[PDB]
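Single-structure report; data block below.
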Amino acid sequence: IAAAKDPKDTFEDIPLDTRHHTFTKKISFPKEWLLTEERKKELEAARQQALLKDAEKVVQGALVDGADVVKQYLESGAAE
Amino acid sequence: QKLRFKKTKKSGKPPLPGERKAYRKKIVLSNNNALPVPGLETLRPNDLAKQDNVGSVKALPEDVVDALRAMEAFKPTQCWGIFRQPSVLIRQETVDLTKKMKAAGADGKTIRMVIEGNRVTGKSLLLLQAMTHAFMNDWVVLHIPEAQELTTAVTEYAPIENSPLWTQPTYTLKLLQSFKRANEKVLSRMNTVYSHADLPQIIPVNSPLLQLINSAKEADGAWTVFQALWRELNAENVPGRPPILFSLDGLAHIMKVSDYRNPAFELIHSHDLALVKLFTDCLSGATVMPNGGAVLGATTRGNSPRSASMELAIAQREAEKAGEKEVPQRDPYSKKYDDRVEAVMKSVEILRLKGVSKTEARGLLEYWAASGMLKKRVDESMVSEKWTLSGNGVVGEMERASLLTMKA
Amino acid sequence: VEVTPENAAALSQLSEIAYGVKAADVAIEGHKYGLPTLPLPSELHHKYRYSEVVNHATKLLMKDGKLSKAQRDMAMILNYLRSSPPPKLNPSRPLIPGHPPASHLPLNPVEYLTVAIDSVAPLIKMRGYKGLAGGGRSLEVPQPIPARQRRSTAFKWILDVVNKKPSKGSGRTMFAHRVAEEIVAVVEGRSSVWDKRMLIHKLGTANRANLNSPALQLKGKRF
RNA sequence: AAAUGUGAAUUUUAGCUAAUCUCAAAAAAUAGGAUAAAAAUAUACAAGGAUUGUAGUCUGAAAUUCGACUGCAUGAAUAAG
Ligand SMILES: Nc1ncnc2c1ncn2[C@@H]1O[C@H](COP(=O)(O)OP(=O)(O)OP(=O)(O)O)[C@@H](O)[C@H]1O
Ligand SMILES: [Mg+2]
Ligand SMILES: [Mg+2]
Ligand SMILES: [Mg+2]
Ligand SMILES: [Mg+2]
Ligand SMILES: [Mg+2]
Ligand SMILES: [Mg+2]
Ligand SMILES: [Mg+2]
Ligand SMILES: [Mg+2]
């Protein structure tokens with residue numbers, strides 16, 4: 001304490017060196033995932049938009065299915 | 001003498017030079033077995049800038065693939081030879097970067113940007129889309145495929161008289177040869193406007209600019225021809241000079257001390273290499289492009305060293321953009337920083353790449369399924385499965401889980 | 001005919017329960033989005049997710065417990081077979097009956113591999129009885145072998161032909177592509193493993209009578 | 001931890017006599033990258049690290065018979081038996 005009060009050299013030029021210490025970073029559960037009354041409404045929207053997006057394609061016949069695409073191509077005599 | 005037993009002592013044509021290296025570096029861009037995707041559109045000159053195309057896959061024109069192939073835009077690690085026609089996913093990051101290139105070249109300004117991301121997120125391919133938008137819109141693309149070929153001391157290098165810089169003739173020659181084929185159409189429309197005294201041949205003013213490039217037949221005078229070419233493309237006030245796209249992949253290699261040794265056996269700094277000294281000046285704003293354009297530097301994670309200066313700079317620029325009153329600062333006791341790397345990165349713009357959205361992931365999966373390479377029912381339940389296994393939509397990881405699997 | 005939520009599931013035939021729009025009652029039914037239909041397909045068991053032949057052939061590539069490497073090699077093999085042109089079957093080497101036409105193999109690399117292994121796999125094995133054929137000679141007798149023993153012998157022949165071939169290029173695809181090329185040579189009938197299959201079949205036909213040899217039935221019955 | 005040395009290591013001790021502090025860093029893997037007529041045609045002699053020269057370090061009265069590591073140079077047999 002006496003050396004710290006010494007106004008001779010304040011060592012303000014020297015930055016605090018913390019290389020001797022190993023800082024640790026802790027992880028926490030995301031607060032955005034907490035199932036609250038507000039998030040439930042958010043999921044209902046996403047759950048419903050998913051149904052519409054697929055429903056639109058099934059009606060238009062645009063839902064891609066790699067299995068049937070390869071089958072029809074091989075059975076349509078298009079592979080020589 | 002010794003009486004122990006001893007096994008008494010005692011096919012095909014070997015490969016030619018460069019055959020093995022060319023085997024692991026060849027790029028296949030088609031597959032006759034793959035199915036032709038119905039409704040697959042080709043990129044128009046202004047498709048990489050429309051917001052409506054986000055999440056859609058479109059095919060690259062035929063002439064573009066010849067230019068991109070000329071300057072080694074494709075890479076062996078990328079999955080191109082699994083499908084019939086090279087196609088890319090117009091991505092929200094593509095529209096952002098492209099809309100800036102469009103305004104930059106039109107207003108005569110210059111955007112100096114750096115691309116950053118995780119291991120395989122689309123950094124190298126986001127440039128392929130920037131070069132694609134450049135060729136189609138009649139720009140001058142000057143691309144450096146791998147920045148490690150300029151720093152790892154694997155090519156000839158010679159000093160410049162009365163200067164600390166160093167030239168790389170064998171590389172500059174090969175760079176001009178690929179620069180012609182890619183920009184053959186744009187160069188044919190431009191002629192010289194200056195009198196270049198020192199050249200391998202005499203060249204009068206107002207001559208085909210493509211002739212100036214053909215003067216560099218030997219590696220010796222390769223650099224001299226390059227500097228002359230660089231003066232022409234950057235003519236102050238000359239009608240018909242298009243913007244320039246100076247792109248470099250592997251930014252982390254040119255942000256440290258190179259592996260070259262000077263006569264005193266001291267490591268040469270990467271910014272002293274004449275060719276690297278040119279890109280850093282354009283990226284730092286020191287060398288202005290009168291006609292405008294864009295200077296893009298993409299980092300890499302595969303075979304890339306770590307430069308605290310570049311990582312700190314990237315962190316500071318993202319902090320200033322976000323508006324954080326506190327910005328990351330140097331470690332006051334670390335001795336891994338480089339003052340010159342800080343100056344170059346002091347005003348660049350950052351473009352962080354992360355996983356794609358679940359809407360973009362669908363457009364990419366449907367393209368794989370339509371090609372018969374993903375035998376699954378592409379629906380929300382399947383998109384979310386691949387989107388999760390790919391770590392929130394990392395495009396690179398999404399391919400290993402769908403295309404490079406052993407389940408089909 | 002514009003679709004909307006109130007009529008999406010009704011017109012698209014999609015189950016709202018499967019999408020979570022109208023979940024079930026957990027307190028009563030116990031589930032929330034429907035029960036998977038049982039029995040489950042074999043591919044949903046985490047220990048049997050891969051095809052029987054692919055999973056069996058993969059671990060034959062493994063060495064020193066490096067299954068991740070062998071799994072990436074098998075992925076490169078199936079990727080090579082998927083980019084190669086359709087094979088040209090040889091009438092002299094008839095593949096296993098019931099196989100699909102050659103035009104279907106490229107897009108189905110798993111069947112390409114399966115048809116190849118199941119085609120050159122022998123049907124019998126030669127077991128020898130010590131000192132029952134004459135002056136110290138053994139009595140060789142053929143016997144059938146199950147599927148796993150047939151595929152194991154076949155794929156090990158393929159790897160034996162692969163290891164002896166010379167190097168071609170560089171990179172991470174050397175071994176993978178070198179094996180895939182041999183898989184194609186087998187389906188085309190121009191491979192060397194076909195000789196080893198016919199060689200072991202000859203021993204079976206040349207010894208089909210030893211199944212009832214006097215030595216095999218008079219071990220200790222001549223006191 | 002810091003500083004010094006290409007390195008072995010040195011200078012100096014913060015903490016702990018310990019689920020606290022220290023030895024302490026996992027490696028293979030995963031993902032990229034470089035090298036090929038990668039030894040048999042002598043102007044293309046691969047991989048390999050034994051043998052020996054020399055300059056150092058640490059332990060200890062003491063390193064010669066007879067120790068362990070480090071730098072530079074030297075570069076044997078070895079075609080999977
Ligand atoms: N927009 C896209 N459309 C289609 N495929 C893409 C797209 N973006 C990336 N990919 C694919 O993702 C994989 C990785 O892409 P890319 O090589 O560009 O990543 P990277 O950021 O440059 O990686 P690295 O840091 O290792 O250099 C490639 O197979 C690539 O084809
Ligand atoms: Mg990259
Ligand atoms: Mg590897
Ligand atoms: Mg220490
Ligand atoms: Mg220890
Ligand atoms: Mg060899
Ligand atoms: Mg050697
Ligand atoms: Mg001694
Ligand atoms: Mg042995």
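Letters A, B, ... go to the chains of the structure tokens in the order shown; residues in each chain start at 1; ligands are counted from 1 in the same order.
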
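The environment of residue C:109 within 7 Å, counting only C-alpha atoms (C1' of nucleotides) and disregarding residues fewer than 2 places along the same chain, consists of residues 408 of chain B; 78, 81, 82, 105, 106, 107, 111, 112 and 113 of chain C.
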
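Residues of protein, DNA or RNA having any atom at most 12 Å from ligand 4, counting only C-alpha atoms (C1' of nucleotides) and all ligand atoms, are residues 19 and 20 of chain A; 1, 2, 3, 9, 10, 11, 12, 13, 14, 22, 23 and 24 of chain D.
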
Applying 12 Å and only C-alpha atoms (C1' of nucleotides), which residues near residue C:53 remain after dropping the ones on its own chain fewer than 5 positions away? List them as a CSV table (one decimal) with N, CA and C atoms, in the first residue's frame.
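Listing of around-v5.csv after writing:
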chain,number,residue,atom,x,y,z
B,406,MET,N,-23.2,-42.5,-47.8
B,406,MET,CA,-23.1,-43.9,-48.2
B,406,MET,C,-24.4,-44.6,-48.1
B,407,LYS,N,-25.5,-43.8,-48.0
B,407,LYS,CA,-26.9,-44.4,-47.9
B,407,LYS,C,-27.6,-44.5,-49.2
C,48,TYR,N,-28.3,-50.4,-37.9
C,48,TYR,CA,-28.6,-51.0,-39.2
C,48,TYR,C,-29.1,-49.9,-40.2
C,58,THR,N,-18.0,-52.0,-46.2
C,58,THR,CA,-17.2,-50.8,-45.7
C,58,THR,C,-16.2,-51.3,-44.6
C,59,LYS,N,-16.7,-52.1,-43.7
C,59,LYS,CA,-15.8,-52.6,-42.6
C,59,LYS,C,-14.7,-53.5,-43.1
C,60,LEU,N,-14.8,-54.1,-44.3
C,60,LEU,CA,-13.7,-54.8,-44.9
C,60,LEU,C,-12.6,-53.9,-45.4
C,74,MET,N,-16.0,-45.6,-49.0
C,74,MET,CA,-17.2,-46.1,-49.6
C,74,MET,C,-18.1,-45.1,-50.2
C,109,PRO,N,-26.1,-46.6,-57.1
C,109,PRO,CA,-24.8,-47.1,-56.8
C,109,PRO,C,-24.8,-48.2,-55.8
C,110,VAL,N,-25.7,-48.3,-54.9
C,110,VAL,CA,-25.8,-49.3,-53.9
C,110,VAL,C,-26.1,-50.7,-54.6
C,111,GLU,N,-27.0,-50.7,-55.5
C,111,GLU,CA,-27.3,-51.9,-56.3
C,111,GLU,C,-26.2,-52.2,-57.2
C,112,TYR,N,-25.5,-51.2,-57.8
C,112,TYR,CA,-24.3,-51.4,-58.6
C,112,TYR,C,-23.3,-52.2,-57.8
C,113,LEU,N,-23.1,-51.8,-56.5
C,113,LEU,CA,-22.1,-52.6,-55.7
C,113,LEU,C,-22.7,-53.9,-55.3
C,114,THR,N,-24.0,-54.0,-55.0
C,114,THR,CA,-24.6,-55.3,-54.6
C,114,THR,C,-24.5,-56.3,-55.7
C,115,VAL,N,-25.0,-55.9,-56.9
C,115,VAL,CA,-25.0,-56.8,-58.0
C,115,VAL,C,-23.6,-57.3,-58.3
C,116,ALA,N,-22.6,-56.4,-58.1
C,116,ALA,CA,-21.2,-56.9,-58.4
C,116,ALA,C,-20.8,-57.9,-57.4
C,117,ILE,N,-21.0,-57.7,-56.1
C,117,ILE,CA,-20.5,-58.6,-55.1
C,117,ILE,C,-21.3,-59.9,-55.2
C,118,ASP,N,-22.6,-59.8,-55.3
C,118,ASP,CA,-23.4,-61.1,-55.4
C,118,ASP,C,-23.2,-61.8,-56.6
C,147,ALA,N,-24.7,-66.2,-47.0
C,147,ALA,CA,-24.6,-65.0,-47.7
C,147,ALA,C,-23.4,-64.2,-47.3
C,148,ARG,N,-23.3,-63.9,-45.9
C,148,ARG,CA,-22.2,-63.1,-45.4
C,148,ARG,C,-20.8,-63.7,-45.8
C,149,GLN,N,-20.7,-65.1,-45.8
C,149,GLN,CA,-19.5,-65.7,-46.2
C,149,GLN,C,-19.3,-65.6,-47.7
C,150,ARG,N,-20.3,-65.5,-48.5
C,150,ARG,CA,-20.2,-65.4,-49.9
C,150,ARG,C,-19.7,-63.9,-50.3
C,151,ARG,N,-20.4,-62.9,-49.7
C,151,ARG,CA,-20.0,-61.6,-49.9
C,151,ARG,C,-18.6,-61.3,-49.4
C,152,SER,N,-18.3,-61.8,-48.2
C,152,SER,CA,-16.9,-61.5,-47.6
C,152,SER,C,-15.8,-62.1,-48.5
C,154,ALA,N,-16.0,-62.6,-51.8
C,154,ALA,CA,-16.0,-61.9,-53.0
C,154,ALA,C,-15.3,-60.6,-52.9
C,155,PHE,N,-15.7,-59.7,-51.9
C,155,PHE,CA,-15.1,-58.4,-51.8
C,155,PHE,C,-13.7,-58.5,-51.4

Within 7 Å of ligand 2, counting only C-alpha atoms (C1' of nucleotides) and all ligand atoms, residues as a PyMOL selection string | chain B and resi 123-124+249-250+298-301

Any chance you could export the current selection's N, CA and C atoms as a compact mmCIF listing (two decimals), in the first residue's frame?
# COMPACT_ATOMS: atom_id res chain seq x y z
N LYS B 123 -17.56 -18.92 -48.99
CA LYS B 123 -16.68 -17.79 -49.24
C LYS B 123 -16.08 -17.86 -50.64
N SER B 124 -15.45 -18.99 -50.97
CA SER B 124 -14.82 -19.12 -52.27
C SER B 124 -15.85 -19.08 -53.39
N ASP B 249 -8.40 -14.90 -53.28
CA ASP B 249 -8.90 -15.93 -52.38
C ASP B 249 -7.77 -16.41 -51.49
N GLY B 250 -8.05 -16.53 -50.19
CA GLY B 250 -7.03 -16.91 -49.23
C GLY B 250 -6.35 -15.70 -48.63
N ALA B 298 -11.42 -12.81 -50.04
CA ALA B 298 -12.09 -13.88 -49.32
C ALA B 298 -11.07 -14.67 -48.51
N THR B 299 -11.36 -14.86 -47.23
CA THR B 299 -10.52 -15.67 -46.37
C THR B 299 -10.78 -17.15 -46.64
N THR B 300 -10.03 -18.01 -45.95
CA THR B 300 -10.21 -19.45 -46.09
C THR B 300 -9.81 -20.12 -44.79
N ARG B 301 -10.39 -21.30 -44.55
CA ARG B 301 -10.08 -22.08 -43.36
C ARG B 301 -9.28 -23.34 -43.66

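Within 6 Å of chain B, and using only C-alpha atoms (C1' of nucleotides), the residues found on chain D are residues 32, 33 and 37 of chain D.
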
Now that the selection is made, can you save its residues with N, CA, C and O atoms (P, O5', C5', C4', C3', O3' and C1' of nucleotides) as a PDB file, in the first residue's frame?
ATOM      1  P     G D  32     -12.177 -31.654 -47.372  1.00  0.00           P
ATOM      2  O5'   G D  32     -11.412 -30.266 -47.506  1.00  0.00           O
ATOM      3  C5'   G D  32     -10.266 -30.147 -48.329  1.00  0.00           C
ATOM      4  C4'   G D  32      -9.423 -28.965 -47.932  1.00  0.00           C
ATOM      5  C3'   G D  32      -8.098 -28.835 -48.663  1.00  0.00           C
ATOM      6  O3'   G D  32      -8.227 -28.236 -49.938  1.00  0.00           O
ATOM      7  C1'   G D  32      -7.725 -28.616 -46.352  1.00  0.00           C
ATOM      8  P     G D  33      -7.479 -28.884 -51.200  1.00  0.00           P
ATOM      9  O5'   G D  33      -5.948 -28.531 -50.952  1.00  0.00           O
ATOM     10  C5'   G D  33      -5.547 -27.189 -50.726  1.00  0.00           C
ATOM     11  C4'   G D  33      -4.138 -27.105 -50.201  1.00  0.00           C
ATOM     12  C3'   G D  33      -3.081 -27.845 -51.001  1.00  0.00           C
ATOM     13  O3'   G D  33      -2.666 -27.142 -52.157  1.00  0.00           O
ATOM     14  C1'   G D  33      -2.788 -28.295 -48.702  1.00  0.00           C
ATOM     15  P     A D  37       8.390 -36.821 -61.726  1.00  0.00           P
ATOM     16  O5'   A D  37       8.444 -38.009 -62.786  1.00  0.00           O
ATOM     17  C5'   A D  37       7.250 -38.505 -63.380  1.00  0.00           C
ATOM     18  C4'   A D  37       7.178 -40.013 -63.340  1.00  0.00           C
ATOM     19  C3'   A D  37       7.829 -40.678 -62.126  1.00  0.00           C
ATOM     20  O3'   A D  37       7.072 -41.824 -61.741  1.00  0.00           O
ATOM     21  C1'   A D  37       8.793 -41.531 -64.093  1.00  0.00           C
TER      22        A D  37
END

Of the listed residues A:12, A:80, A:17, A:44, that which approaches chain B most closely, counting only C-alpha atoms | A:17

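When atom CA of residue C:124 is paired with atom CA of residue C:214, their separation reads 22.0 Å.
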
Residues at most 10 Å from ligand 8, using only C-alpha atoms (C1' of nucleotides) and all ligand atoms? Could they come as a list in words?
-> residues 63, 64, 65, 66 and 67 of chain D

For chain D, which residues have at least one atom within 10 Å of chain C, if we go by only C-alpha atoms (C1' of nucleotides)? Write them as a list in words, please.
-> residues 28, 29, 30, 35 and 36 of chain D

Report as a ChimeraX atom specification the set of chain C residues whose atoms approach chain B to within 10 Å, with distances computed over only C-alpha atoms.
-> /C:18-19,43,49-51,54-55,58,71-86,103-111,165-174

Residue B:142 environment, 8 Å, only C-alpha atoms (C1' of nucleotides), sequence neighbours closer than 2 positions dropped, as a PyMOL selection string | chain B and resi 140+144+179+244-247

Any chance you can output those residues with C-alpha atoms as an mmCIF file, in the first residue's frame?
data_model
loop_
_atom_site.group_PDB
_atom_site.id
_atom_site.type_symbol
_atom_site.label_atom_id
_atom_site.label_comp_id
_atom_site.auth_asym_id
_atom_site.auth_seq_id
_atom_site.Cartn_x
_atom_site.Cartn_y
_atom_site.Cartn_z
ATOM 1 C CA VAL B 140 -12.543 -6.774 -66.283
ATOM 2 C CA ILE B 144 -5.973 -14.727 -58.009
ATOM 3 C CA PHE B 179 -6.391 -12.964 -68.071
ATOM 4 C CA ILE B 244 -12.356 -3.775 -62.570
ATOM 5 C CA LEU B 245 -12.989 -6.686 -60.200
ATOM 6 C CA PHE B 246 -9.716 -7.401 -58.381
ATOM 7 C CA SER B 247 -10.462 -10.495 -56.295
#

Pick out the chain C residues within 6 Å of chain A. Count only C-alpha atoms. Give them as a list in words.
-> residues 8, 12 and 21 of chain C

Print the selection's residues with C-alpha atoms to a file, as a compact mmCIF listing (two decimals), in the first residue's frame.
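Final output, selection09.txt:
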# COMPACT_ATOMS: atom_id res chain seq x y z
CA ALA C 8 -55.05 -26.36 -46.73
CA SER C 12 -53.80 -31.09 -49.71
CA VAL C 21 -51.04 -27.21 -36.32

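As for atom CA of residue B:282 and atom CA of residue B:305, they are spaced 22.7 Å apart.
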
Can you pull out every residue within 12 Å of residue C:199, counting only C-alpha atoms (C1' of nucleotides), but drop anything in the same chain fewer than 3 positions away, and send it as JSON, numbers by chain?
-> {"C": [120, 122, 124, 125, 126, 192, 193, 194, 195, 196, 202, 203, 204, 205, 206]}

For chain B, report every residue with an atom at most 12 Å from chain A (counting only C-alpha atoms), formatted as a compact mmCIF listing (two decimals) with N, CA, C and O atoms, in the first residue's frame.
# COMPACT_ATOMS: atom_id res chain seq x y z
N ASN B 32 -23.23 -37.26 -67.11
CA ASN B 32 -24.25 -37.72 -68.04
C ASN B 32 -25.32 -38.55 -67.34
O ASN B 32 -26.47 -38.59 -67.81
N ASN B 33 -24.98 -39.20 -66.23
CA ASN B 33 -25.97 -40.00 -65.53
C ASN B 33 -27.00 -39.12 -64.82
O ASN B 33 -28.17 -39.51 -64.70
N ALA B 34 -26.59 -37.95 -64.35
CA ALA B 34 -27.51 -37.06 -63.66
C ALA B 34 -28.67 -36.68 -64.59
O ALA B 34 -28.53 -36.64 -65.81
N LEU B 35 -29.81 -36.41 -63.98
CA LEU B 35 -30.99 -36.08 -64.76
C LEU B 35 -31.05 -34.58 -65.04
O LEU B 35 -30.62 -33.77 -64.21
N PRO B 36 -31.58 -34.17 -66.19
CA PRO B 36 -31.76 -32.73 -66.44
C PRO B 36 -32.93 -32.18 -65.64
O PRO B 36 -34.07 -32.64 -65.79
N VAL B 37 -32.65 -31.21 -64.78
CA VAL B 37 -33.66 -30.62 -63.92
C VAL B 37 -34.67 -29.86 -64.78
O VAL B 37 -34.26 -28.97 -65.54
N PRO B 38 -35.96 -30.15 -64.69
CA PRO B 38 -36.94 -29.41 -65.49
C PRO B 38 -37.21 -28.03 -64.91
O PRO B 38 -37.34 -27.86 -63.69
N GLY B 39 -37.29 -27.04 -65.79
CA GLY B 39 -37.53 -25.67 -65.38
C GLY B 39 -36.30 -24.94 -64.88
O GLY B 39 -36.43 -23.83 -64.35
N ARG B 330 -6.12 -4.25 -29.32
CA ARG B 330 -4.96 -5.13 -29.30
C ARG B 330 -4.72 -5.67 -27.89
O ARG B 330 -5.03 -5.02 -26.89
N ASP B 331 -4.15 -6.86 -27.83
CA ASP B 331 -3.65 -7.40 -26.57
C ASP B 331 -2.36 -6.67 -26.23
O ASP B 331 -1.35 -6.87 -26.92
N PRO B 332 -2.32 -5.83 -25.19
CA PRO B 332 -1.15 -4.96 -24.99
C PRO B 332 0.16 -5.69 -24.79
O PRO B 332 1.21 -5.04 -24.78
N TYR B 333 0.15 -7.02 -24.63
CA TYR B 333 1.37 -7.78 -24.40
C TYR B 333 1.59 -8.87 -25.44
O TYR B 333 2.52 -9.67 -25.29
N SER B 334 0.76 -8.94 -26.47
CA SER B 334 0.94 -9.92 -27.53
C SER B 334 1.91 -9.38 -28.57
O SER B 334 1.92 -8.19 -28.87
N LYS B 358 -33.79 -21.63 -44.02
CA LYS B 358 -34.52 -22.85 -44.35
C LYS B 358 -35.26 -22.72 -45.67
O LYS B 358 -35.60 -23.75 -46.28
N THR B 359 -35.53 -21.50 -46.13
CA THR B 359 -36.14 -21.32 -47.44
C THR B 359 -35.13 -21.52 -48.56
O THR B 359 -35.45 -22.10 -49.60
N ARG B 362 -34.23 -25.28 -48.98
CA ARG B 362 -35.18 -26.06 -49.76
C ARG B 362 -34.86 -25.96 -51.25
O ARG B 362 -34.78 -26.98 -51.94
N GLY B 363 -34.68 -24.74 -51.75
CA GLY B 363 -34.34 -24.58 -53.16
C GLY B 363 -33.09 -25.34 -53.56
O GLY B 363 -32.95 -25.75 -54.71
N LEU B 364 -32.17 -25.53 -52.61
CA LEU B 364 -30.95 -26.27 -52.91
C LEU B 364 -31.19 -27.78 -52.85
O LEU B 364 -30.60 -28.53 -53.64
N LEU B 365 -32.04 -28.23 -51.93
CA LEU B 365 -32.34 -29.65 -51.84
C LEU B 365 -33.19 -30.11 -53.02
O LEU B 365 -32.94 -31.17 -53.60
N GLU B 366 -34.21 -29.32 -53.39
CA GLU B 366 -35.04 -29.69 -54.53
C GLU B 366 -34.22 -29.82 -55.80
O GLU B 366 -34.53 -30.64 -56.66
N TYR B 367 -33.16 -29.01 -55.94
CA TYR B 367 -32.29 -29.14 -57.10
C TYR B 367 -31.52 -30.46 -57.06
O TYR B 367 -31.32 -31.10 -58.09
N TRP B 368 -31.07 -30.87 -55.87
CA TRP B 368 -30.38 -32.14 -55.74
C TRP B 368 -31.33 -33.31 -55.96
O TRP B 368 -30.95 -34.31 -56.57
N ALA B 369 -32.56 -33.20 -55.46
CA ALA B 369 -33.52 -34.28 -55.64
C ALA B 369 -33.96 -34.39 -57.09
O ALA B 369 -34.05 -35.50 -57.64
N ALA B 370 -34.25 -33.26 -57.74
CA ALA B 370 -34.66 -33.29 -59.14
C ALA B 370 -33.61 -33.94 -60.02
O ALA B 370 -33.94 -34.49 -61.08
N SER B 371 -32.34 -33.87 -59.62
CA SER B 371 -31.25 -34.49 -60.37
C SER B 371 -31.09 -35.97 -60.04
O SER B 371 -30.13 -36.59 -60.53
N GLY B 372 -31.97 -36.54 -59.24
CA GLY B 372 -31.86 -37.94 -58.88
C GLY B 372 -30.71 -38.27 -57.95
O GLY B 372 -30.37 -39.44 -57.80
N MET B 373 -30.10 -37.26 -57.33
CA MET B 373 -28.97 -37.46 -56.43
C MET B 373 -29.38 -37.45 -54.97
O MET B 373 -28.52 -37.65 -54.10
N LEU B 374 -30.66 -37.22 -54.67
CA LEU B 374 -31.17 -37.22 -53.29
C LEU B 374 -32.54 -37.89 -53.34
O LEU B 374 -33.55 -37.23 -53.56
N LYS B 375 -32.56 -39.21 -53.12
CA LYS B 375 -33.78 -40.00 -53.21
C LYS B 375 -34.56 -39.85 -51.91
O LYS B 375 -34.55 -40.73 -51.03
N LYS B 376 -35.25 -38.72 -51.77
CA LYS B 376 -36.05 -38.45 -50.59
C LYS B 376 -37.20 -37.53 -50.97
O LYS B 376 -37.19 -36.90 -52.03
N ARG B 377 -38.19 -37.48 -50.09
CA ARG B 377 -39.35 -36.60 -50.26
C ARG B 377 -38.99 -35.25 -49.66
O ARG B 377 -38.96 -35.09 -48.44
N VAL B 378 -38.71 -34.27 -50.52
CA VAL B 378 -38.26 -32.95 -50.08
C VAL B 378 -39.48 -32.21 -49.54
O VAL B 378 -40.29 -31.68 -50.30
N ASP B 379 -39.61 -32.17 -48.21
CA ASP B 379 -40.68 -31.44 -47.55
C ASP B 379 -40.10 -30.76 -46.32
O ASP B 379 -38.90 -30.86 -46.04
N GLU B 380 -40.96 -30.05 -45.58
CA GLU B 380 -40.49 -29.31 -44.41
C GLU B 380 -39.82 -30.24 -43.41
O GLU B 380 -38.81 -29.88 -42.80
N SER B 381 -40.37 -31.44 -43.22
CA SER B 381 -39.76 -32.38 -42.28
C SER B 381 -38.37 -32.80 -42.74
O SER B 381 -37.49 -33.04 -41.91
N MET B 382 -38.16 -32.89 -44.05
CA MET B 382 -36.86 -33.29 -44.57
C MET B 382 -35.90 -32.10 -44.66
O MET B 382 -34.70 -32.26 -44.45
N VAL B 383 -36.42 -30.91 -44.98
CA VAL B 383 -35.56 -29.73 -45.04
C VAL B 383 -35.00 -29.41 -43.66
O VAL B 383 -33.81 -29.12 -43.52
N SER B 384 -35.84 -29.47 -42.63
CA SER B 384 -35.38 -29.17 -41.28
C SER B 384 -34.37 -30.20 -40.79
O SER B 384 -33.50 -29.88 -39.98
N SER B 402 -25.96 -35.05 -47.61
CA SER B 402 -26.94 -35.38 -48.64
C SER B 402 -26.33 -35.99 -49.88
O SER B 402 -26.91 -36.92 -50.46
N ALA B 408 -27.01 -43.83 -50.26
CA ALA B 408 -27.62 -43.83 -51.58
C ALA B 408 -26.59 -43.47 -52.64
O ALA B 408 -26.84 -43.58 -53.84

Sort by chain and increasing residue number a table of all residues of chain D within 9 Å of ligand 7, each with its closest pair of atoms and their distance in Å to one decimal, counting only C-alpha atoms (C1' of nucleotides) and all ligand atoms, and write it as a Markdown table.
| residue | atom | partner | partner_atom_place_in_ligand_line | distance |
| --- | --- | --- | --- | --- |
| D:46 | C1' | ligand 7 | 1 (Mg) | 7.1 |
| D:47 | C1' | ligand 7 | 1 (Mg) | 6.4 |
| D:48 | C1' | ligand 7 | 1 (Mg) | 7.2 |
| D:75 | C1' | ligand 7 | 1 (Mg) | 8.5 |
